[PDB]
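Engineer: Attaching a single structure in structure tokens format; questions to follow.
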Amino acid sequence: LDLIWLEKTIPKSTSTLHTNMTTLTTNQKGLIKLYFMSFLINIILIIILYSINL
Amino acid sequence: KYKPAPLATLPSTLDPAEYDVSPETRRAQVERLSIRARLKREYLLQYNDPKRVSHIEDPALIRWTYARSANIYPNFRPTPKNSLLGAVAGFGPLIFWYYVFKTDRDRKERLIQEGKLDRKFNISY
Amino acid sequence: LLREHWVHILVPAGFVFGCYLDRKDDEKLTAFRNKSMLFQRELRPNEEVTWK
Amino acid sequence: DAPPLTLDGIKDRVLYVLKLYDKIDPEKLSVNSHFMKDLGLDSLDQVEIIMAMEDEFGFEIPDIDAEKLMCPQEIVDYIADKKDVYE
Amino acid sequence: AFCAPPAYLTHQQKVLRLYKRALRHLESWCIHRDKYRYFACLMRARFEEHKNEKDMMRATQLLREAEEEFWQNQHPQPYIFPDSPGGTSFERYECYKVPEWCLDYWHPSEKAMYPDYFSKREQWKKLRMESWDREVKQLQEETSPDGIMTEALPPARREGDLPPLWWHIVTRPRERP
Amino acid sequence: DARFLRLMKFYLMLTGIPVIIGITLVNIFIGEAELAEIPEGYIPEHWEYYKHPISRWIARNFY
Amino acid sequence: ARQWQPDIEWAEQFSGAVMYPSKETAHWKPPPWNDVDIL
Amino acid sequence: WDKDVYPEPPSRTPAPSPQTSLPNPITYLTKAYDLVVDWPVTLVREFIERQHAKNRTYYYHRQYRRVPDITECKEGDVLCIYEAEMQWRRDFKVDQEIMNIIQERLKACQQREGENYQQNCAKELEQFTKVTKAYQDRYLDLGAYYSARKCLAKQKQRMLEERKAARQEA
Amino acid sequence: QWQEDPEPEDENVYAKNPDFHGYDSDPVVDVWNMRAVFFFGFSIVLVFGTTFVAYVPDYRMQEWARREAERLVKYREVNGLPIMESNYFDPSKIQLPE
Amino acid sequence: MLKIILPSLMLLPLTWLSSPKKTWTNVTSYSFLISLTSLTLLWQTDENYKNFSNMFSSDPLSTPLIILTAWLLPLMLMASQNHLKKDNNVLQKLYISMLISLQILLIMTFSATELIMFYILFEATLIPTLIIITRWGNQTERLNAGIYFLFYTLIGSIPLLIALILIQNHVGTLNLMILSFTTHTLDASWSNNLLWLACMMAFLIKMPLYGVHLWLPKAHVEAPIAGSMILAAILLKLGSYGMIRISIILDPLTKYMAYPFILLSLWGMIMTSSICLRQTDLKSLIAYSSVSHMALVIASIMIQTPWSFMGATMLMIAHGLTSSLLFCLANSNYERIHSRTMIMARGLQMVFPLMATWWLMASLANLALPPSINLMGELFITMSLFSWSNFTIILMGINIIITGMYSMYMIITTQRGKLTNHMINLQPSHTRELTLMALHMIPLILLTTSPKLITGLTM
Ligand SMILES: CCCCCCCCCCCCCCCCCC(=O)OC[C@H](COP(=O)(O)OCCN)OC(=O)CCCCCCCCCCCCCCCCC
């Protein structure tokens, strides 16, 4: 319960949750086309966020 | 017949393997002294040394502490018999006593509310 | 005498400053000087402040 | 309380006891005289000798250190060395 | 405690070390000396017979049934001497056996008294450093060809040399401090 | 482990005895006060409400 | 005593164009120190 | 001590009635204690008190004027309520040393009346409940953050009961 | 392997300065760093401090309350009032929800 | 209270301006006197607490600590004169100043009227501590330990920041005086049930609770002796002081929102006490001893009965002094031995006769021997806990038996048995080592004579 279970649950898990989240968000091609379309997606969603909450 | 238990183990005598003289056994039994003799002539050749101030290290003890407090989580793999047993130990009693203390505290409160608990000469808390 | 004893006077001086600053806190928080209920008395003869 | 032993009082007792063992002749016991090659005693009689000494001097001569108390003298320095008698 | 442990035990030393435990565990049940000196010369008889068995197999079958006869016919509270491991005075006086390398941190005042004591102590420390080289070299030049290696250490073998590794068998805190 | 005590048992005993001489001589010659009635308008000062003299010396001079 | 100052290996990790190297990200290599490339 | 705040019963002692020729080993000793232990001390003590009476000084007992109690104190007015939580926290102690005295006065009345404590000492224990049933009714449920507002509520939760029960009896 | 220093041994400060007090290597600083620490440490904090703390008068009013009780118990008992009445805030002051 | 503080600040100028050779004595001698000025706050002589000025106050709960915080700076600077005597003359003056700022900050935190003043100063103390642990930490793992000490406290801290700004909007001022004399009664909603957890959790984290205490064993292990003394004696108690002043508000919820923690702490007390029973690192065992004896405190600051609170105040001051004493003597063995292992170094009394007497008295303080404030403390928390539920004695009864066992085991396998054959010969005891101890225990003996001063706000 000390060491592994109380270190894998609270202290270590929070370590992993983030580590993994940075790995996906920061693995970027660096190509402009990809990045830009993401700008496209954003414009679309924000257009909607206004639209539906008109 | 003496019956060794995990405690009260089988004595040296009364132990069959002691009565084993197969070539191999007398080859290990003489090989193991060597390891010990070797290690023995590596302590005394470092403890009986004049001109020494540094700390004889006993690395066999350093391999023990590292194995016991800093080589544990690098060798943890969550299986069953480990997480079931790793939850019964942390939450089991912690939930047991809650229904031990809630039931008592609730019994007490009811009785106080209904007017039965004497609380006599109790002027402190 | 300031030759390595001007060092030794640094902290002692901090105490003095401390008390001063502290006794200039009282001077500020002096409303209810003597207007408190439990301790309101007529200034006895020759006393212009109950507590200074 | 009692007086400390000596390298000649730990030798007169060791010869004393042995001179009282019937098998060991009391006139051919000499301190440099081996128990098994010179006096004649067997292996089982070494255990019995040592044990007498362990009971004359009140301490236990460990097994491994006592599989060799052959000479009737080794017994006299080993006992003394174990009891710190520098004479 | 002095000599080194042999690797494996022979048949003999196992038999002859029962003759000790046995006879010594017969003097707990039989306390009075006479009863003992009787019930014991009868013990030797048991060991005396079956002495010349040449059939090893048999011999190791008398030994293995002797040590089980013994285990079940032993005394729970035998007579173990006062100063031996498991005894009543074992390691009692060890609270007074300081390890002698501690007189080296004494204040020059303390060592001021007790003057001749330290004059002889400084001689012995000169002996120790004066031979470490010839010793370790001996210990090594005489390392028998790699193979079986026992904890037995060599004697001197030359004048002036001191038995290799002798600083802690000599200079050992006195038993009764 | 002995030089320490001659120094600890000393510098306690250095300032300790002049205190003990002080508590004893004050408590002997000067003495604790006896309780009394506030005399119709005395309005006693802060120091007047404490028994032991040096315990009201500190009060009069510093608090 | 030598409070453990970091050795070369502790230092090594901080090299590489990404601290926590991913599956494909690790394949990358640190940017040129001069800020000029060989291509 | 005020013979009246710490009472103490009058003493009744059986008179000496020796019926043995032997000499009491106590009377002789006392005759000594009185000379070699008491007289010497007695002499010193007096000399103490005359040293005291020369510069005799006095110390009074602060008397605290009574300020308005929380029961009457504006809500939110931290000034008035502060002066009124102290007036109570003060009486939380004066009402506590009183209970210290009944703890004590009793203890003595069961050492002074052994084997009769069951009976002779019931003047107090009747009081130790007349005082404990009150201390329990004004200061007990409260947390460690005892405040006059909470005694005001501990009471007033029950003043309903001495008014709901009463009305209920009808 | 990289260049780095060989392990520094810890000196037996008790070999020189056999009067080492544990504060500093050179002897005079040591003496003057214990002559001022035992003094300011023990001689005028544990002694003058305990003297002052012992003489704090009637700390937290508990010397005052053992008298105020005595005159209240003196006054309440002689006048026949209950020694600790059972309601403190008078019932008259309270305006219970009607 | 600016004499306990301004003169303190001036210590920093003295550590820097002073000669490299004389820097140590000027600083230690002066803060001993700084402690003497601190003793003036003890002059209460009346119920009304002492509001020195708008921002600075000292009530019975803070006063017993401010004096301890001022007292340990001298001692901390005396226990770290050895290690840190191998530095470059500017690393020292940094360490000395770091220690000085801790009590400047800690003195103010314990003497602060506004709860957010507590928060800003509360969470600032991490900066000085993390530097002491990480910069001078001997082991390879202090970078890790520092991370654990910063994140566990920080993740707890931001919820408290939101909660205190929240109450300021709900009530209109975070002034502990007013908040006390004003009606702040939570309404047992689901949200309030969260507020309560927000305020208590940050305090519960640095007061190691069974669930989040892994930071303390790791931190004290590699921390230098001065950092380990500060963490055990003053740093952990910051969490307790906070729980006493913050639960004045959130008055109704803790009646039923405490069960979770209370049970976590009492079961935690048993398991933390027990793992002390087989832990090879001595500093490790003292740290878990600290977790268990602090688990008792969170179980008295939550039952909230007058006796609990001052049981808590008694134990916190007492255990603070005892723990340091244990951490200080552990260091003296560590410096000569050069290893934290408990199994090595057996028989020391044979070679260090007095340190062993200090070891014995420290252990008897560690376990509850009766003419000690340590026992009075536990006896009181034990009583109230019993009042909460008579069954509590079972769990607070397995802890007493275990606490006796590990406390004596530290004495039995470190200071008795046959001497270790020939570790690097153990140089005799310095007078500093022994005083640093004497300075810890002589106050423990003096406080036990008159326990009233450290009894808390409740009594
Ligand atoms: C070692 C010393 C042991 C001493 C035991 C003393 C027992 C006293 C008598 C207890 C039983 C009669 C009590 C009568 C008055 C109290 C009545 C009451 O209100 O108790 C209710 C309580 C209910 O508890 P529970 O079973 O959880 O009910 C859940 C319902 N859904 O009912 C209970 O209280 C059930 C539990 C009774 C016993 C308490 C638990 C004792 C466990 C000891 C474990 C020791 C080791 C602990 C772990 C650390 C070491 C491994």
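Residues are referred to by chain and number: the chain letter is A, B, ... according to the order shown in the structure tokens, the number counts from 1 in that chain, and ligands are numbered separately from 1 in the order shown.
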Please, which residues of chain A lie no more than 12 Å from chain J when the count uses only C-alpha atoms, and can they be set out as a list in words?
Structural biologist: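 Every residue of chain A that passes the 12 Å test is in residues 1, 2, 3, 4, 5, 6, 7, 8, 9, 10, 11, 12, 14 and 15 of chain A.
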Engineer: Could you save the residues just selected, with N, CA and C atoms, as an mmCIF file, in the first residue's frame?
Structural biologist:
data_model
loop_
_atom_site.group_PDB
_atom_site.id
_atom_site.type_symbol
_atom_site.label_atom_id
_atom_site.label_comp_id
_atom_site.auth_asym_id
_atom_site.auth_seq_id
_atom_site.Cartn_x
_atom_site.Cartn_y
_atom_site.Cartn_z
ATOM 1 N N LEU A 1 0.824 -1.232 0.000
ATOM 2 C CA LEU A 1 0.000 0.000 0.000
ATOM 3 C C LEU A 1 0.858 1.283 0.000
ATOM 4 N N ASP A 2 1.996 1.225 0.697
ATOM 5 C CA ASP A 2 2.977 2.342 0.638
ATOM 6 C C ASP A 2 3.850 2.004 -0.561
ATOM 7 N N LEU A 3 4.716 2.920 -0.982
ATOM 8 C CA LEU A 3 5.474 2.622 -2.217
ATOM 9 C C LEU A 3 4.454 2.407 -3.335
ATOM 10 N N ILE A 4 4.353 1.212 -3.909
ATOM 11 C CA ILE A 4 3.537 1.012 -5.143
ATOM 12 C C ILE A 4 2.086 1.451 -5.210
ATOM 13 N N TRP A 5 1.218 0.983 -4.330
ATOM 14 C CA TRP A 5 -0.184 1.399 -4.579
ATOM 15 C C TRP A 5 -0.496 2.873 -4.293
ATOM 16 N N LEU A 6 0.175 3.461 -3.313
ATOM 17 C CA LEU A 6 -0.059 4.856 -2.986
ATOM 18 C C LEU A 6 0.896 5.757 -3.719
ATOM 19 N N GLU A 7 1.738 5.197 -4.580
ATOM 20 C CA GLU A 7 2.626 6.022 -5.372
ATOM 21 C C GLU A 7 2.269 5.872 -6.824
ATOM 22 N N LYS A 8 1.658 4.758 -7.181
ATOM 23 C CA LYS A 8 1.206 4.567 -8.546
ATOM 24 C C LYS A 8 -0.111 5.262 -8.730
ATOM 25 N N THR A 9 -0.874 5.416 -7.677
ATOM 26 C CA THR A 9 -2.171 6.005 -7.891
ATOM 27 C C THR A 9 -2.114 7.521 -7.978
ATOM 28 N N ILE A 10 -1.693 8.187 -6.913
ATOM 29 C CA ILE A 10 -1.731 9.650 -6.871
ATOM 30 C C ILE A 10 -0.555 10.418 -7.449
ATOM 31 N N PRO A 11 0.660 10.080 -6.991
ATOM 32 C CA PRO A 11 1.844 10.809 -7.434
ATOM 33 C C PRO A 11 2.271 10.382 -8.785
ATOM 34 N N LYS A 12 2.312 9.094 -9.081
ATOM 35 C CA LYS A 12 2.831 8.651 -10.371
ATOM 36 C C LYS A 12 1.813 8.815 -11.484
ATOM 37 N N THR A 14 -0.507 10.934 -11.936
ATOM 38 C CA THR A 14 -0.635 12.288 -12.436
ATOM 39 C C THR A 14 0.601 12.577 -13.259
ATOM 40 N N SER A 15 1.713 11.920 -12.943
ATOM 41 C CA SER A 15 2.913 12.097 -13.736
ATOM 42 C C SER A 15 2.663 11.577 -15.127
#
Engineer: Within 6 Å of ligand 1, which residues show up when you count only C-alpha atoms and all ligand atoms? List them as a PyMOL selection string, please.
Structural biologist: (chain B and resi 96+99-100+103-104+107) or (chain J and resi 394)
Engineer: Taking 5 positions as the minimum chain separation for residues in the same chain, which residues sit within 12 Å of residue 38 in chain D when counting only C-alpha atoms? Answer as an NGL selection string.
Structural biologist: :D and (24-25 or 28-33 or 70-72)
Engineer: Any idea what's packed within 8 Å of range 21-36 of chain G, counting only C-alpha atoms, ignoring anything in its chain fewer than 4 positions away? Could you give it as an MDAnalysis selection string?
Structural biologist: (chainID A and resid 23 27) or (chainID G and resid 15:17)
Engineer: If we count only C-alpha atoms, which residues of chain H reach to within 12 Å of chain B? Please list them as a VMD selection string.
Structural biologist: chain H and resid 95 to 96 99 to 100 102 to 103 125 to 144 158
Engineer: Name the residues in contact with residue 52 in chain C at a cut-off of 12 Å, using only C-alpha atoms, excluding same-chain residues fewer than 5 positions from it; report them as number ranges by chain.
Structural biologist: C: 23-31, 33-34, 47; F: 63
Engineer: Between CA of residue 64 in chain B and CA of residue 217 in chain J, what is the distance in Å, rounded to a tenth?
Structural biologist: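 Distance reported for this atom pair: 19.1 Å.
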Engineer: Could you name the residues that touch residue 108 in chain B at 9 Å or less, counting only C-alpha atoms, but leaving out those on the same chain fewer than 5 positions away, as a list in words?
Structural biologist: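 Here the qualifying residues turn out to be residues 103, 113 and 117 of chain B; 389 of chain J.
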Engineer: Compile the residues of chain B that lie within 10 Å of chain J, evaluated using only C-alpha atoms, and express the compilation as a ChimeraX atom specification.
Structural biologist: /B:47-48,52-58,61-62,64-65,68-69,90-91,93-98,100-108,124-125
Engineer: Restricting it to N, CA, C and O atoms, dump the selection as a CSV table (one decimal), in the first residue's frame.
Structural biologist:
chain,number,residue,atom,x,y,z
B,47,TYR,N,40.5,-4.8,6.1
B,47,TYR,CA,40.0,-4.4,7.4
B,47,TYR,C,41.2,-4.5,8.3
B,47,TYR,O,41.2,-3.8,9.3
B,48,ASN,N,42.1,-5.3,7.9
B,48,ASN,CA,43.3,-5.5,8.7
B,48,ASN,C,44.4,-4.7,8.1
B,48,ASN,O,45.6,-5.1,8.2
B,52,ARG,N,44.7,2.7,6.6
B,52,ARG,CA,43.4,2.9,6.1
B,52,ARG,C,42.4,3.6,6.9
B,52,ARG,O,42.2,3.3,8.1
B,53,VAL,N,41.8,4.6,6.3
B,53,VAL,CA,40.8,5.4,7.1
B,53,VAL,C,39.4,5.3,6.4
B,53,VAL,O,38.4,5.5,7.1
B,54,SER,N,39.4,5.0,5.1
B,54,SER,CA,38.1,5.0,4.4
B,54,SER,C,37.1,3.9,5.0
B,54,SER,O,37.6,3.0,5.6
B,55,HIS,N,35.9,4.1,4.7
B,55,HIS,CA,34.9,3.1,5.3
B,55,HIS,C,34.7,1.8,4.5
B,55,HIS,O,34.3,1.8,3.3
B,56,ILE,N,35.1,0.7,5.1
B,56,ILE,CA,34.9,-0.6,4.4
B,56,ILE,C,33.4,-0.5,4.1
B,56,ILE,O,32.6,-0.2,4.9
B,57,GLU,N,33.0,-0.8,2.8
B,57,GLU,CA,31.6,-0.6,2.5
B,57,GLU,C,30.6,-1.7,2.7
B,57,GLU,O,29.4,-1.4,2.9
B,58,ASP,N,31.0,-2.9,2.6
B,58,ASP,CA,30.0,-4.0,2.6
B,58,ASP,C,29.0,-3.7,1.6
B,58,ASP,O,27.8,-3.5,1.9
B,61,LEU,N,25.4,-5.2,1.6
B,61,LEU,CA,24.3,-4.4,2.3
B,61,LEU,C,23.8,-3.3,1.4
B,61,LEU,O,22.6,-3.0,1.6
B,62,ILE,N,24.6,-2.7,0.5
B,62,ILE,CA,24.1,-1.7,-0.3
B,62,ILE,C,23.2,-2.2,-1.4
B,62,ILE,O,22.3,-1.6,-1.9
B,64,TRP,N,21.3,-4.6,-0.9
B,64,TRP,CA,20.1,-5.0,-0.2
B,64,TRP,C,19.1,-3.9,0.0
B,64,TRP,O,17.9,-4.0,-0.3
B,65,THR,N,19.6,-2.7,0.5
B,65,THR,CA,18.8,-1.6,0.6
B,65,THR,C,18.2,-1.0,-0.7
B,65,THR,O,17.1,-0.7,-0.8
B,68,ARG,N,15.4,-3.1,-1.8
B,68,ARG,CA,14.3,-3.0,-0.9
B,68,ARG,C,13.4,-1.6,-0.7
B,68,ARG,O,12.3,-1.5,-0.4
B,69,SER,N,14.1,-0.6,-1.2
B,69,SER,CA,13.5,0.8,-1.3
B,69,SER,C,13.8,1.6,-2.5
B,69,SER,O,13.2,2.7,-2.6
B,90,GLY,N,-6.0,-1.2,1.6
B,90,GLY,CA,-6.1,0.2,1.7
B,90,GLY,C,-7.5,0.7,2.1
B,90,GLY,O,-7.6,1.7,2.9
B,91,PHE,N,-8.5,0.1,1.5
B,91,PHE,CA,-9.9,0.5,1.7
B,91,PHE,C,-10.7,-0.5,2.5
B,91,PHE,O,-11.8,-0.1,3.0
B,93,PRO,N,-10.2,-2.1,5.7
B,93,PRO,CA,-10.4,-1.7,7.1
B,93,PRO,C,-10.9,-0.3,7.2
B,93,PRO,O,-11.7,0.1,8.0
B,94,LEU,N,-10.4,0.6,6.3
B,94,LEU,CA,-10.8,2.0,6.3
B,94,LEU,C,-12.3,2.1,6.0
B,94,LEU,O,-12.9,3.1,6.4
B,95,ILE,N,-12.9,1.1,5.4
B,95,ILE,CA,-14.4,1.0,5.3
B,95,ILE,C,-15.0,0.3,6.4
B,95,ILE,O,-16.1,0.5,6.8
B,96,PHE,N,-14.2,-0.7,7.0
B,96,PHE,CA,-14.7,-1.4,8.2
B,96,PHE,C,-15.0,-0.5,9.3
B,96,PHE,O,-16.1,-0.5,9.9
B,97,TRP,N,-14.0,0.3,9.7
B,97,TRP,CA,-14.1,1.1,10.9
B,97,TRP,C,-15.1,2.2,10.7
B,97,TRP,O,-15.6,2.7,11.7
B,98,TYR,N,-15.3,2.6,9.5
B,98,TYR,CA,-16.3,3.7,9.2
B,98,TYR,C,-17.7,3.2,9.7
B,98,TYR,O,-18.4,4.0,10.3
B,100,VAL,N,-18.0,1.1,11.9
B,100,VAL,CA,-17.8,0.8,13.3
B,100,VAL,C,-18.0,2.1,14.1
B,100,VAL,O,-18.8,2.1,15.0
B,101,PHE,N,-17.4,3.1,13.5
B,101,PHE,CA,-17.5,4.5,14.2
B,101,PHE,C,-18.8,5.1,13.8
B,101,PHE,O,-19.4,5.6,14.8
B,102,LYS,N,-19.3,5.1,12.6
B,102,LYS,CA,-20.6,5.7,12.3
B,102,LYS,C,-21.6,5.0,13.2
B,102,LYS,O,-22.4,5.7,13.8
B,103,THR,N,-21.7,3.7,13.2
B,103,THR,CA,-22.8,3.0,14.0
B,103,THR,C,-22.7,3.4,15.5
B,103,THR,O,-23.7,3.8,16.0
B,104,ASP,N,-21.5,3.4,16.1
B,104,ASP,CA,-21.3,3.9,17.5
B,104,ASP,C,-21.8,5.3,17.6
B,104,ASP,O,-22.6,5.6,18.4
B,105,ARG,N,-21.2,6.2,16.8
B,105,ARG,CA,-21.5,7.7,16.9
B,105,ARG,C,-23.0,7.9,16.7
B,105,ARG,O,-23.6,8.7,17.4
B,106,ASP,N,-23.6,7.1,15.8
B,106,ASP,CA,-25.1,7.2,15.6
B,106,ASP,C,-25.8,6.7,16.8
B,106,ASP,O,-26.8,7.4,17.2
B,107,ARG,N,-25.4,5.5,17.3
B,107,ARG,CA,-26.1,5.0,18.5
B,107,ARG,C,-26.0,6.1,19.6
B,107,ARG,O,-27.0,6.5,20.1
B,108,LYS,N,-24.8,6.5,19.9
B,108,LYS,CA,-24.6,7.6,20.9
B,108,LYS,C,-25.6,8.8,20.6
B,108,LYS,O,-26.3,9.1,21.5
B,124,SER,N,-16.4,17.6,31.1
B,124,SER,CA,-15.3,17.8,30.2
B,124,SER,C,-15.5,17.0,29.0
B,124,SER,O,-16.3,16.1,28.9
B,125,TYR,N,-14.7,17.3,28.0
B,125,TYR,CA,-14.8,16.7,26.7
B,125,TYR,C,-13.7,17.1,25.8
B,125,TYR,O,-12.5,17.0,26.2
Engineer: Which of these residues is nearest to chain I, using only C-alpha atoms: F:50, F:45, F:62, F:25?
Structural biologist: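 Nearest candidate to chain I out of F:50, F:45, F:62, F:25: F:50.
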Engineer: For the contact check between chain H and chain F, emit one row per residue of chain H within 9 Å, containing the shortest atom pair and the distance in Å rounded to one decimal, counting only C-alpha atoms, chain then rising number order, as a Markdown table.
Structural biologist:
| residue | atom | partner | partner_atom | distance |
| --- | --- | --- | --- | --- |
| H:48 | CA | F:28 | CA | 5.8 |
| H:49 | CA | F:28 | CA | 8.2 |
| H:50 | CA | F:29 | CA | 8.6 |
| H:51 | CA | F:29 | CA | 5.0 |
| H:52 | CA | F:31 | CA | 5.5 |
| H:53 | CA | F:30 | CA | 8.8 |
| H:54 | CA | F:30 | CA | 8.7 |
| H:55 | CA | F:30 | CA | 7.0 |
| H:56 | CA | F:33 | CA | 6.9 |
| H:57 | CA | F:33 | CA | 5.2 |
| H:58 | CA | F:33 | CA | 4.9 |
| H:59 | CA | F:49 | CA | 4.9 |
| H:60 | CA | F:49 | CA | 4.9 |
| H:61 | CA | F:49 | CA | 5.8 |
| H:62 | CA | F:49 | CA | 6.5 |
Engineer: Now that the selection is made, can you save its residues with N, CA, C and O atoms as a tab-separated table (two decimals), in the first residue's frame?
Structural biologist:
chain	number	residue	atom	x	y	z
H	48	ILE	N	11.78	36.03	58.53
H	48	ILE	CA	11.28	36.32	57.19
H	48	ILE	C	10.20	37.39	57.26
H	48	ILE	O	10.33	38.48	56.69
H	49	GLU	N	9.12	37.09	57.99
H	49	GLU	CA	7.93	37.93	57.97
H	49	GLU	C	8.17	39.33	58.51
H	49	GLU	O	7.38	40.23	58.20
H	50	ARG	N	9.21	39.55	59.31
H	50	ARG	CA	9.42	40.89	59.84
H	50	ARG	C	10.15	41.61	58.71
H	50	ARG	O	9.87	42.79	58.46
H	51	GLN	N	11.06	40.93	58.00
H	51	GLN	CA	11.62	41.54	56.79
H	51	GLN	C	10.59	42.03	55.70
H	51	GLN	O	10.64	43.13	55.14
H	52	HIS	N	9.59	41.17	55.51
H	52	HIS	CA	8.38	41.59	54.81
H	52	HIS	C	7.55	42.77	55.29
H	52	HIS	O	7.11	43.62	54.50
H	53	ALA	N	7.32	42.85	56.61
H	53	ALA	CA	6.43	43.86	57.16
H	53	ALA	C	7.05	45.25	57.16
H	53	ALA	O	6.31	46.23	57.27
H	54	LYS	N	8.38	45.35	57.07
H	54	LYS	CA	9.02	46.66	57.00
H	54	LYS	C	8.52	47.43	55.78
H	54	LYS	O	7.86	48.47	55.92
H	55	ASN	N	8.83	46.94	54.59
H	55	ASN	CA	8.32	47.51	53.34
H	55	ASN	C	7.11	46.72	52.85
H	55	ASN	O	7.10	46.13	51.77
H	56	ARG	N	6.06	46.73	53.66
H	56	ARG	CA	4.86	46.01	53.27
H	56	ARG	C	4.19	46.72	52.09
H	56	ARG	O	3.93	47.92	52.12
H	57	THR	N	3.93	45.94	51.05
H	57	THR	CA	3.28	46.42	49.84
H	57	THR	C	1.97	45.67	49.67
H	57	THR	O	1.70	44.70	50.39
H	58	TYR	N	1.17	46.12	48.72
H	58	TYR	CA	-0.18	45.60	48.53
H	58	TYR	C	-0.45	45.38	47.06
H	58	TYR	O	0.15	46.02	46.19
H	59	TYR	N	-1.36	44.44	46.78
H	59	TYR	CA	-1.77	44.12	45.42
H	59	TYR	C	-3.27	43.87	45.44
H	59	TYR	O	-3.77	43.15	46.31
H	60	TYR	N	-3.99	44.49	44.50
H	60	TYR	CA	-5.44	44.44	44.46
H	60	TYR	C	-5.92	43.41	43.44
H	60	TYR	O	-5.11	42.63	42.94
H	61	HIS	N	-7.22	43.31	43.27
H	61	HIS	CA	-7.80	42.31	42.38
H	61	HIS	C	-8.64	43.01	41.36
H	61	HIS	O	-9.73	43.45	41.66
H	62	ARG	N	-8.15	43.10	40.14
H	62	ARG	CA	-8.84	43.86	39.13
H	62	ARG	C	-10.27	43.51	39.15
H	62	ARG	O	-10.62	42.35	39.17
Engineer: Go ahead and compute the interatomic distance for CA of residue 72 in chain J and CA of residue 100 in chain J, in Å to one decimal.
Structural biologist: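 Separation of CA of residue 72 in chain J and CA of residue 100 in chain J: 10.1 Å.
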Engineer: If we count only C-alpha atoms and set the cut-off at 10 Å, which residues sit around range 20-29 of chain I, ignoring sequence neighbours fewer than 6 positions away in its own chain? Please answer as a ChimeraX atom specification.
Structural biologist: /E:107 /F:3-4 /I:11,13-14,35 /J:21-22,24-25,78-82,85,429-434
Engineer: How about saving the chosen residues, C-alpha atoms kept, as a PDB file, in the first residue's frame?
Structural biologist:
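Heads up, here's the output in selection-v1.pdb:
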ATOM      1  CA  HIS E 107      42.774  13.811  24.143  1.00  0.00           C
TER       2      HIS E 107
ATOM      3  CA  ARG F   3      34.666  18.567  28.809  1.00  0.00           C
ATOM      4  CA  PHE F   4      31.079  19.189  27.719  1.00  0.00           C
TER       5      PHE F   4
ATOM      6  CA  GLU I  11      39.850  15.178   7.924  1.00  0.00           C
ATOM      7  CA  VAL I  13      39.981  17.546  12.823  1.00  0.00           C
ATOM      8  CA  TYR I  14      40.753  16.005  16.151  1.00  0.00           C
ATOM      9  CA  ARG I  35      32.324  30.600  24.462  1.00  0.00           C
TER      10      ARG I  35
ATOM     11  CA  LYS J  21      35.558  33.355   9.651  1.00  0.00           C
ATOM     12  CA  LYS J  22      33.198  35.196  12.075  1.00  0.00           C
ATOM     13  CA  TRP J  24      28.806  31.728  12.011  1.00  0.00           C
ATOM     14  CA  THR J  25      29.109  33.158  15.549  1.00  0.00           C
ATOM     15  CA  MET J  78      24.567  24.977  14.732  1.00  0.00           C
ATOM     16  CA  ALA J  79      23.707  21.637  13.262  1.00  0.00           C
ATOM     17  CA  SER J  80      24.774  22.597   9.807  1.00  0.00           C
ATOM     18  CA  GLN J  81      28.105  24.091  10.631  1.00  0.00           C
ATOM     19  CA  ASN J  82      29.790  20.835   9.873  1.00  0.00           C
ATOM     20  CA  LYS J  85      31.769  23.903   6.320  1.00  0.00           C
ATOM     21  CA  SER J 429      31.672  13.703  19.877  1.00  0.00           C
ATOM     22  CA  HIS J 430      32.034  17.368  19.254  1.00  0.00           C
ATOM     23  CA  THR J 431      30.658  19.720  21.874  1.00  0.00           C
ATOM     24  CA  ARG J 432      28.474  21.253  19.209  1.00  0.00           C
ATOM     25  CA  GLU J 433      26.783  18.007  18.515  1.00  0.00           C
ATOM     26  CA  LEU J 434      26.040  17.484  22.125  1.00  0.00           C
TER      27      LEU J 434
END
